[PDB]
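Everything on this sheet refers to the single structure shown next.
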Amino acid sequence: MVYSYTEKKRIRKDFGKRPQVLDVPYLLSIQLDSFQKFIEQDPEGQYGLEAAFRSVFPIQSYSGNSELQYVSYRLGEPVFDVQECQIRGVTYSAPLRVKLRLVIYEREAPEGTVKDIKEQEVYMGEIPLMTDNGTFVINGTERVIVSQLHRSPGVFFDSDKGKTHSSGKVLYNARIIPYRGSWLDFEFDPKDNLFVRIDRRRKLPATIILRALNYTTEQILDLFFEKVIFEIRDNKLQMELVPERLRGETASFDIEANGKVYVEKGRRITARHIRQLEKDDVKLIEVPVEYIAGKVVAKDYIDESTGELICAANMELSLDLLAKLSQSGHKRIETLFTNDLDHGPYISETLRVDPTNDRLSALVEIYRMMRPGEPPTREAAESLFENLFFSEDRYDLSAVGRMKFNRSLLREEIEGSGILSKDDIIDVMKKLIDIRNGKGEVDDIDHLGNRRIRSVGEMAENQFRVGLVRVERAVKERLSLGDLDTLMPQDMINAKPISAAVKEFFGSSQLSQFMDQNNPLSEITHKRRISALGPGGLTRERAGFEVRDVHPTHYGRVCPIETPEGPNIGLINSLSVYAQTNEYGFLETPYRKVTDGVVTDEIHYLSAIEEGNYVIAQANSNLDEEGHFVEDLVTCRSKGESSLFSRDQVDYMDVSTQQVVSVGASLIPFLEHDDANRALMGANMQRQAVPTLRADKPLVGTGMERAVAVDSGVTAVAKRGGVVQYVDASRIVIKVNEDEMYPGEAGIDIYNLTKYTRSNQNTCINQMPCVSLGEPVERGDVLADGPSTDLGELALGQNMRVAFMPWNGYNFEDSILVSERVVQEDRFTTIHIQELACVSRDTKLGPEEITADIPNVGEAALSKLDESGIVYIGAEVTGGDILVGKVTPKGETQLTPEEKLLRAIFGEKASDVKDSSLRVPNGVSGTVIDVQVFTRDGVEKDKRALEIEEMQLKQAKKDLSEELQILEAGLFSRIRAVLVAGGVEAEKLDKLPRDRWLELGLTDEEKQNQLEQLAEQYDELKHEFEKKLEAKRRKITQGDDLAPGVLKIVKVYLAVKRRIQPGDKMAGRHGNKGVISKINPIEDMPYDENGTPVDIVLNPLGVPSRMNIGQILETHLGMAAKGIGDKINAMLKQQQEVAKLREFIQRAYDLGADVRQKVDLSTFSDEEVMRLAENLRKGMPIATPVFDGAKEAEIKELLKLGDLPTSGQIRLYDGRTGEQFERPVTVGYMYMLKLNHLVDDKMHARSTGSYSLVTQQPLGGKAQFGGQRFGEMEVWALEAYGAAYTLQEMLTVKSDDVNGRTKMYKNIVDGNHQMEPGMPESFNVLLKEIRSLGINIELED
Amino acid sequence: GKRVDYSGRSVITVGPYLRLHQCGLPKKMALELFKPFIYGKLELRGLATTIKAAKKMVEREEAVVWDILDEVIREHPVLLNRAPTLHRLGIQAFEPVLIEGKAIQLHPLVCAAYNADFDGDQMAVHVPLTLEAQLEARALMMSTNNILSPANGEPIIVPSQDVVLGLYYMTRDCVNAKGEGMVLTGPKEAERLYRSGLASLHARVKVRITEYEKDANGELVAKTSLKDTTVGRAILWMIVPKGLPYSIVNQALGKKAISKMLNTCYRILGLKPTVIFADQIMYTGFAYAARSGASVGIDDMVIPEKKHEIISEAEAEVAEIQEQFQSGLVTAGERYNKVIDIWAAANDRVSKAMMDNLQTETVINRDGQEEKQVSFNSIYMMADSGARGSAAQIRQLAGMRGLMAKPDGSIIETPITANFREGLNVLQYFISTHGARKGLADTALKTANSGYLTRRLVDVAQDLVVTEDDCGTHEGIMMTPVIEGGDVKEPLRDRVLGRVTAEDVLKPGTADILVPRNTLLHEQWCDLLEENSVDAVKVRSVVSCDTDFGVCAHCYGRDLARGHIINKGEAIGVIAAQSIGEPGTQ
Amino acid sequence: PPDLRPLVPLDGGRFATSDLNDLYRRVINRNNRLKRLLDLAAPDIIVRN
DNA sequence: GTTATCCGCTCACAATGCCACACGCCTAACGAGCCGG
DNA sequence: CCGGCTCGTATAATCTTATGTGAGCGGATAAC
Ligand SMILES: [Mg+2]
Ligand SMILES: [Zn+2]
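Below you can see the structure in the form of structure tokens.
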């Protein structure tokens, strides 16, 4: 209803029928929340730097009672702010201070009081901060850390059926993945023996790793198996029975009790007979003796009289042992209950496989597995087995690992230790045995309850912990000989490896990528990116096929259609619109809580696991006004499968129809009328659209570009609401409203807009004001249109008049014809900015000069240079001329030990001169817009550098004078207002300066004396501004440090202006590419009956093949938009009355079915209406939400509001013949882009250039002036013809025959076409490195 | 693979005004390539003396240099290349035509042989520079010498999508238009009636046509008659050469029809009328495709009127099968099978209804009451001509779309009930994304596997050259036309066209020599072998050729991509490995 | 031949080494150390190592 | 027994072509250098 | 007044989502 003061500039007509309930969140929340979580003063130390300092410290010597502990930390202020840091070259660092407290104890008392404590703020490293846009600054440039998608810390029960042993028998491995430590795996062989392995070493039986934690064999058989108790009746002994054990069996004898025969011999045991035993309640039956012929006795048995071991634990029984235990009276006999279907004897078989017997032997066997050849010693094996699992140093699950590991075992609590235990490993074995039995199932990997995301801060603290461990090892080695009482804790902390690790990760990792600054869309879709490559994850040539497809729990968490294509599909997924990172790191997505009948508005968030239990309604389900499913059966879904459910059965409902996709494809209008392949291609090709000279809004866009263009960083937003006070082309100064002023000296705001400067893709980032002087703005509203924005709307390309027809073949497969009206209005012209530096180097033979004295050149090439040796600001240069004149000394042979003394002082440091001036590269042109000069501390500055110094100094004076003038006037008003008290004379007041108003005498009140004290307080504030000016000039005046070897650096920017020409690539938003084939005049165009030509001719044949049918609906809706625009323009050129204009705008804004805008112009008070008409007069902008689009009939009615034909087809005439095109064609306005595959980055040629060093081949590439790779398959192609001599030239004369090619060149210039065959130098290279081995190889004859 | 001087790279662009044997070359890049030829021509004509004078003159780009460059071009061909070269038509030689621009223009009929897009595809340029290389690139490799393909004897100069649409729109008929039923003198009077707007392009009319038939043994026979035909067909007849009969242009002329038009013109007349006839077809096809104005709009995709109750009846049937499963009579697997069968039947009925509603809806007044005819709808002309699309794509545009299969391998219960002209909701689009990403990943790995297999095959067969004429043996193989049990898949004519007979295959009239034992089965001879219904022919292979270190000529037969028997030297192992390994991407 | 494994000319100071040059330097250092150990009647364990 | 086979384990070797672009390619301690305390 | 510092430079170190082949070799395996 009520609209913002820029929102009242134009209204986008919004179709779409669903009431939304949750707006779009801040699109860059993940980066900022991550790095804010990283650096923060954190009590309880669970995360951040405080965890990294609690994990390592305190550090102590080898019982030498010298110890280093930890007090606190602090981050120093940034020495350099952002923009000049991007100019100069450094990182945007921040210094670090650590308060360390070195202690040493008093001897012969370890708990005795330390005698020396020494506290310091040791410097260590530099940690880079984060820009306000979520990015980092590394080496002058701006880089983004991509989030990572890896496997969860926890436990997995995979099957991995099939390929093993070719028998069809499945397997069941169980893996434990720790967060920081060593692996643990459990496997099955087809002999059903249960094996263990650690860190992918060779195999061991799991019985020994079960024994090594102090278990006897009878305890193993007691845990992993149940019992059957035999009691020796003196003849034909009995057997206990719970009858459910007999289920699914074949009776070996006649099962019977109390004379009642239950099962006969040969009959399988039925559940009927089981229920008979249930009714009869039988506890004992009487087996024959031979029935224990094959069973296994559970525990060990000795002779109670003689001490003879009768039978051990896990022994296969015979009748002799039964007779001996009957003689020894061991009637009560345990026996392992076995089965083939439910309780399989799997452990006992493995326990009969292994060679290893007891605990110390088990530790010896593991200790021999881990390292071969080392001496098996008791304490070393004990320490190895402790350090593998049961210690904090080298086995750390996180909280997430304990979460998943208690969840996947049906535990109760979710808070445990970061180490393992006995119960954990035996529970993993129990669960794996249960999975082998049949109950329970595997855990598929692609399901997003198993794949976490890592943001930036977690990877940062891992690399910082690595660097801290290295420095800890070095400081422990130093302090182990700690014997000096003068040691202070700067002597021992070498700050080189910590800084090496931090600068290694942030500088050049695999996840530190450049940010593509050629759209605001490109930036904000590059930060929202979920990658699966890098360390901790897979590689792009070992991922198979299953991790790339769409698992059915990507809904609302990962965009299905935005991905790169080609080599790595499905690994670089883009994050959904409404997605939030969970508390632990999974991906939660919003849903709406629904009661029994009422769809409420209390939104919840759900994880990836909780969604597969509830029942979720699809979004576009028609409702009441109170909230009721108006049907009875609703399209819903339960567990991976959509279906149709009841009405009093649903639990959750979607939030909006946008949440399936990402921001890179919520900006395609009429997305739901497109094949998914072409939606993929369109969502990839939006983020390569180069920005244009004059930006321009799109007519047909989804209702999303305002949040994209604001929530990125390219525009400036007023932080507090107020009144516009000053607007230049460069900056905007805002007076703040008095309600938003915190009462201590708030004042004003200043925004310095960024002017023409460099982006990472050599495009021209720009800002411009969009508010007028004395205009009100409000908090949270836009002020500065950035690049490819327009009034706070993302606006990439421009929208043009397009006809779908075949025109003389100039649009054959995908080509585009463009009329010259698009060139003459220069509406795809693009500004590019290149950068070139030049350094003065300290070589031998003397240094290098930046002087203007260059021999062997004319006077005219020196004209653009000044006398200091540098071209002026704004001299339009071309390719080949001198930018910066640099000269080098060249002796060559002087060798005099006295002449070099006089040459280094008197002889100018210049005796003979070789030209090394930075010249313009070939082809490029432009206008020099900016020059920077950087001088080493020690060399005196050249006078042009002093001119830059003076210019920057005046710039530093101006703004401080501005703040002083605006600040002193309040106390001016106060001295006048208190001078009113007592007595004031205004004619006598304004005739003499302001200190004389201050020193105007009046009788002392307390108020005037306190305000006089405040007057000297602005006097000392003036002194503070003086010290501010001094602080600026000491920064500007002081020379620089540099690299070792370089004297001074001159940096030269250039700017060039690229028009359009046949060869460039333009493309719509629906995946319809094209190369501009011809560039026609105006009068060869198809004009309609009204006379206006058509800008662009497409090709219709591309529409039925690839099903991108949404572009024709975009074309029709765009023609309707401009059709409303032409009536608005006709009503404004006739300057009619604003009541009729108000009425027409109102009738155009109602128009349709139950839309949700409902604007009313009875509040716009006859000035917003005229400003709104002045904005709308070039077309009426129209919104269309993605899965809530505009139907066909509403486009028909909007075309009926204008005087356009309903069918969308107009008779078109012909430019050439003046005849009529017979059938009606389709004309409309389509919004088109320009991609940066420009033809003056591709057209490259070579006649005769440079050559490489090792082999005498020509180089490759455009920049290095190379030739093309006439590769292997082309040689197969020339062999496939009868071509023989041409293969000889492409192999020998064009390259690798030196004398052959120079003879050929001379022979061409002489005018004789011969050739000289020769022999390629690369073959002699091959001979000389086969002879470098022990291989004689020669040539016979 | 050595990098090569005198090369260059650009982006390409169509340029439909070229002839078949030339290409568009940028002016500046052509000055850059031919610098030593320029230096030689300057020092010949006295306009310079040293090499440095010539370097200054060509860096100033004076106006004499462009005339010198045009003397350098005139008869000096240029090789062009596209980067992932599969088969031996990948690099070809053209002549240059200078263009003030920055892109390379390229004749559109060749573009199918390169398998080139104009989606941003880049190409490269090399220069033949000696004398033998110029002469080989003119003889062995000029693009007027590559019509038939080496993999199979079919022309690779098929007119593509837009020329197909133009020629299909010209040669049709409709039962009431301007000037119907009048009478004409020549084809040129039909052209003069089309230009004036008196008679429309397709209105039926009796004309007089002279045609030449070369059944006389080496000369031409005139014949003049009056035929019932169309104004557009009479206009198209003006570019047909002397040889062909008029019944080649009397039909509706889709894609395969004009392809066999070119093929019969190659068989009867020779080479040069085939090249010049492909050029005239391309020119007039683009001209009348321009004058058509064949657009596409949202009211050219007719929804059936009966779609709604078909979907309602399918829902009633699946509810009945769900209740029969719920009572417990039918198991789950047969429930699955009944549901998938009835949705297959419903999809087939909807597709039949929409195709019957599109193809013949156009009713027009006869000057009597009413008739029926083939439609002039937009996408129906784009499918019926075979330019772009099948019944499947135009089926998904208006009728409902198929049954999407989940990536597990199963096929989902509920098919996508909607088309593309109506909107898809959230779930159905999310389902279609599966098939999208599956096809993309399949392409991404299929490329590399086909490349590796082509690499290994051309490693194997490289050292094998047709090295002598006649090994002179009497072995071979016996060919019978293959029959699975359904239809006969390949007849005897297609397999054993053009291979040298092993033994004298006798006539079914026994002891009558129907074929001599050592001749070549050319086409007329193949028909005269076909007439007596021969089932098995014995024929000489390569696997039993006798020649040490090579393959004899008569053991390999006639060559593809040219006409006659193969010459001594054609490196047949490499072209064979390329012909197997080229369509491996498909 | 040492043009066939050339030493990379950097900009400021040191030259960037190839891989072959580092391997030959390692071999020649090891060879010289073993030759000196044979020159001084070393014990058998060290010359074996 | 002893001999001639069969089978499971371990390990080397392959995975299209081209293009642009862009940024990266050491140092704690063993032989010298300066000259202060 | 030699190297304590400071420098030139030569040179040593605690992974862990892959598949499909072939090819060979050590351990069991069935006979006169
Ligand atoms: Mg292409
Ligand atoms: Zn032969």
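Chains as they are written, first to last, in the UniProt record's numbering: chain A, 1 to 1341; chain B, 344 to 929; chain C, 246 to 294.
We treat Cβ as the ideally placed atom computed from N, Cα and C, and that holds for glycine.
Taking the Cβ atoms as the reference, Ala795 (chain A) lies roughly 6 Å from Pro698 (chain A), within the contact range of under 8 Å.
Distances between the C-beta of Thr810 (chain B) and the heavy atoms of ligand 2 are all 7 Å or more. If one requires a minimum length of 3 residues, the beta strand (DSSP E) runs lying completely within the segment 181-254 of chain A are 184-188, 194-197, 227-230, in chain order. Counting only runs of 4 or more residues that sit fully inside the segment 1093-1123 of chain A, the alpha helix (DSSP H) segments are 1102-1105, in chain order. If you look at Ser840 (chain A), you'll find it in the beta strand (DSSP E) that goes 830-841. Considering only beta carbons, the part of the segment 1043-1072 of chain A lying closer than 8 Å to chain C consists of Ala1043, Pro1044, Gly1045, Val1046, in chain order. Looking at the DSSP output, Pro590 (chain A) sits in a beta bridge with A:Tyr605. At a beta-carbon threshold of 7 Å, the residues of chain A lying near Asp642 (chain B) are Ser1207, ordered along the chain. Listed along chain B, the residues sitting closer than 7 Å to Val660 (chain A) by beta-carbon distance are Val769, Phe773. For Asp348 (chain B), the CB stays at least 7 Å from every heavy atom of ligand 2.
In this structure, A:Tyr1018 is the residue among A:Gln932, A:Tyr1018, A:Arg974 with its C-alpha nearest to the C-alpha of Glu963 (chain A).
For the segment 787-815 of chain A, the beta-carbon criterion of a distance under 7 Å to any beta-carbon of chain B is satisfied by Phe804, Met805, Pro806, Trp807, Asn808, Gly809, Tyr810, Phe812, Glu813, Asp814, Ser815. Around the beta carbon of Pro1100 (chain A), 16 or more other beta carbons lie within 10 angstroms, which makes this residue buried.
When only Cα atoms are considered, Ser421 (chain A) and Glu415 (chain A) end up about 14 Å apart. Listed in chain order, the positions of the segment 1319-1333 of chain A with a beta carbon within less than 8 Å of a beta carbon of chain C are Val1325, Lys1328, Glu1329.
Within the segment 384-408 of chain B, the residues whose Cβ lies closer than 8 Å to any Cβ of chain A are, in chain order, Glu386, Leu387, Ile394. The C-alpha of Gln69 (chain A) is placed about 37 Å away from the C-alpha of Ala1043 (chain A). About 14 Å separates the beta carbons of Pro560 (chain A) and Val663 (chain A), which is beyond the 8 Å limit, so they are not a contact pair. A residue is called buried when at least 16 other Cβ atoms come within 10 angstroms of its Cβ; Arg576 (chain B) meets this threshold and is buried. Pairing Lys850 (chain B) with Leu840 (chain B) gives a Cβ-Cβ distance that is not under 8 Å. Within the segment 543-608 of chain B, the runs of beta strand (DSSP E) that reach at least 3 residues and sit entirely inside it are, in chain order, 547-556, 564-573. What you get when you keep residues with a C-beta closer than 6 Å to any heavy atom of ligand 1 is B:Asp460, B:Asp462, B:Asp464. Here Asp116 (chain A) is bridged, per DSSP, to A:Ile104. Counting only the Cα atoms, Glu1174 (chain A) lies some 51 Å from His1023 (chain A). Cβ-Cβ distances below 6 Å link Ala879 (chain B) to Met821, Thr823 in the same chain, with the five nearest sequence neighbours on each side left out; the list follows chain order. For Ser819 (chain A), the uninterrupted beta strand (DSSP E) segment begins and ends at 816-819.
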